[PDB]
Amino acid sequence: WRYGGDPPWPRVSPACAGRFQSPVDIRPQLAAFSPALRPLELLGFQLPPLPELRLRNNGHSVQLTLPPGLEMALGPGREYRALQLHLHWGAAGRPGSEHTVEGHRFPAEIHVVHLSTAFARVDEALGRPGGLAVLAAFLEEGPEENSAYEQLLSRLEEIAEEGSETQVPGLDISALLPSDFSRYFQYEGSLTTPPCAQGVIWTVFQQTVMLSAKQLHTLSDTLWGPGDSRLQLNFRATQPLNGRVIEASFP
């Protein structure tokens, strides 16, 4: 399966033709303020240098496999553990976030994918209500260099080849996300790649993260994908809400 060309995603996976898919356009006017949405809580995200983490060019994104012991609660009794993170980006002068806000696509996006503690393995969680949870944050151009991201971005040249991987030292994974864990959008959707299973809880931070222009250029310019083509515009088409309401943790 590719972004751009065949084969169609319903052929690969029947769930990619579900009604309740991701990503979506967030329209903050229409979001339902939901005071039950408490600040997100992360434990175990400040990793030491060892053991190292596998960072892989899988042809569709760059993905960092996360170790055991990274705990994330969406709220009391809604407990998850982090599996992996990866990135969606565009090209030169072209945005590549997956979610949009009032139609606005941001330069790039980070996803931290999590498994409910009620499930041992992802294949039991797929399609199950709240079985997976993704924390999503937009990345935007800023004046300073983001040092948290530099740790990863400086290693992309090593994994330029599609299907290549490298080991990188542990870092503060939470420093790859906004500092504000209290202001966010939440909706139920899907994985954005086959098998596109539904039952996924998406939490999209209102605060963005800032990368420098070069940092964003490193991301979008370094990696290679299927064929003899660049790994760029690695975002799925926005999907209709189809009557889902997006909640907001804030008024």
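Start at 1 and count along the sequence shown; that's the residue number.
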According to the deposited model, is the average Cα temperature factor higher in 81-89 or in 148-156?
148-156
Give the stretch, out of 50-58 and 34-42, with the larger mean C-alpha temperature factor in the deposited entry.
34-42
Which one, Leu64, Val204, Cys196, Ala213, has the peak C-alpha temperature factor per the PDB entry?
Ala213
Identity of residue with top Cα B-factor, from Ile26, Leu70, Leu223, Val200:
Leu223
When the deposited Cα B-factors of this chain's modelled residues are ordered and cut into thirds, is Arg236 in the lowest, the middle or the highest one?
middle
Give the position of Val101 by CA B-factor within its chain, expressed as the lowest, middle or highest third.
highest
Thinking about Cα B factors across the chain, which third does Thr218 belong to?
highest
Considering only modelled residues of the same chain, in which third does the CA B-factor of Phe181 rank: lowest, middle or highest?
highest
What third of the chain does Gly127 rank in for C-alpha temperature factor, lowest, middle or highest?
lowest
